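Q: these chains are from a complex, not moved at all, and more is on the way:
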Amino acid sequence: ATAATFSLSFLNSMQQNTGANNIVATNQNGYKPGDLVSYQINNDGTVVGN
């Protein structure tokens, strides 16, 4: 499988002054292959399939 080419970004990071270096948030816009476990209607009407 040829490699993932992705923009890894350190935006909104800051330099704190007390404590240890700690990853406050992480996000990635890819996922695993899965199928369907549930479908529901939310209170604004969005039919969402988990």
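A: Happy to help now that I have it. Residues are numbered from 1 along each chain as shown, chains lettered A, B, ... in the order given.
Q: assign residue A:40 to helix, strand or coil.
A: At residue A:40, secondary structure determined by DSSP: H, G, I helix; E, B strand; the rest coil is strand.
Q: what does residue A:25 give?
A: coil.
Q: which non-adjacent residue is nearest it?
A: Leaving aside its chain neighbours, residue A:25 sits nearest to residue A:12 (8.0 Å; criterion: CB to CB, 6 or more residues apart in numbering). Every residue, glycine included, has its C-beta placed from N, CA and C.
Q: okay, now chain B:
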Amino acid sequence: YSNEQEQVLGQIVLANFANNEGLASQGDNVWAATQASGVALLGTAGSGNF
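A: Now chain B, sitting on the chains shown earlier:
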């Protein structure tokens, strides 16, 4: 182990939410997180607000 040291086999991940009352309880003692609770904030015990 029997060679005088240990090794770490994992670390218990705790996960608090945006609101605690938003999670949908499931058929066992476990809960599950929905759009009423948002995505889990993962973390390690004793660190931050965990």
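Q: pick out the residue nearest the middle of chain A.
A: residue A:27 (3.6 Å; CA atoms, centre = their mean).
Q: quick one: residues contacting that one.
A: Counting by CB atoms under 8 Å, 6 or more residues apart in numbering or on different chains, residue A:27 touches no other residue.
Q: quick one: the residue in chain A positioned nearest to chain B from residue B:3, how far?
A: Chain B sits closest to residue A:42 of chain A, with a gap of 5.7 Å, by CB to the nearest CB. Per CB to CB, to the nearest Å, residue A:42 is found 54 Å from residue B:3.
Q: go ahead and place chain C:
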Amino acid sequence: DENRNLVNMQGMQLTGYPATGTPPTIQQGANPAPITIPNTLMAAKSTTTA
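A: One more piece, chain C, placed on the ones above:
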């Protein structure tokens, strides 16, 4: 588990951060895998530094 995955009695596997490398280290990186304690021996590795 009988495969020694840490579960509660409802069959649901407890999840934690992975511990990889020799010697293993808590890989505090928001990717919780199922915690499994092995039966295999700790294989002897050579002295990197003293």
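Q: thinking again about what came up before, angles on the backbone of the residue nearest to the centre of chain A, please.
A: phi -140, psi 150 (degrees, to the nearest 10).
Q: then residue C:20?
A: Dihedral angles (degrees, to the nearest 10) for residue C:20: phi -120, psi 160.
Q: and the residue nearest to it when sequence neighbours are not counted, what does it touch?
A: What sits nearest to residue C:20 in space, not counting adjacent residues and going by CB to CB, 6 or more residues apart in numbering or on different chains, is residue C:27, at 5.7 Å. If you count contacts by CB under 8 Å, 6+ apart, residue C:27 has them with C:17-20.
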